[PDB]
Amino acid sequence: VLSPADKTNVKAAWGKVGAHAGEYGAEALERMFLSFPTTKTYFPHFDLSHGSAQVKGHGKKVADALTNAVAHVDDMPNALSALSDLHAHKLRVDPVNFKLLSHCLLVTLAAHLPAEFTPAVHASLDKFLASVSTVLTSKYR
């Protein structure tokens, strides 16, 4: 459950991401795949080589979904229903994997936007990503 301050922190931090959202999404995926190789099992059909255009394209999709989540922070179940269907109903992704990607997203943001990555913002972002994770791994429809 995000506080009003959490929502402001997330929105402020995501604003500074700007045109680099896809780049960061791609880097987080790459960090996940290298650090936690078991996660590659969900993408057997993907080119996962370093610099893969497919991973870059997917990073953009993931980033765009998070952007949409930021826009609908008080309405996430409704906004993300199709992504819940994909991840929870069809893919049946183990929730641990969301913790791994979420961690890799924090690592990416800390690496790129250090002035933005305060302890307060780190905490809000962790909660936001946990919230998105909960929605994508629940079957509620």
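We call the rigid core whatever largest set of C-alpha positions still superposes within 1.5 Å between the two forms. Residue numbers here begin at 1 and follow the sequence given.
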Outlying stretch relative to shown form, 66-74 versus 85-93 in 6 other deposited structures of this protein, C-alpha RMS (core)
85-93
Would you tell me which stretch averages the higher CA B-factor in the PDB entry, 94-102 or 46-54?
46-54
Give the stretch, out of 130-138 and 2-10, with the larger mean C-alpha temperature factor in the deposited entry.
2-10
Where the record places residue 21 (Cα B-factor, split into thirds across the chain):
highest
Within-chain third of residue 60 by Cα B-factor, per the entry
middle
Residue 89: C-alpha B-factor third of its chain, per the entry, is the middle
By the recorded C-alpha temperature factor, relative to the other modelled residues in its chain, which third is residue 125 in?
lowest
Sorting the chain's CA B-factors, does residue 76 end up in the lowest, middle or highest third?
middle
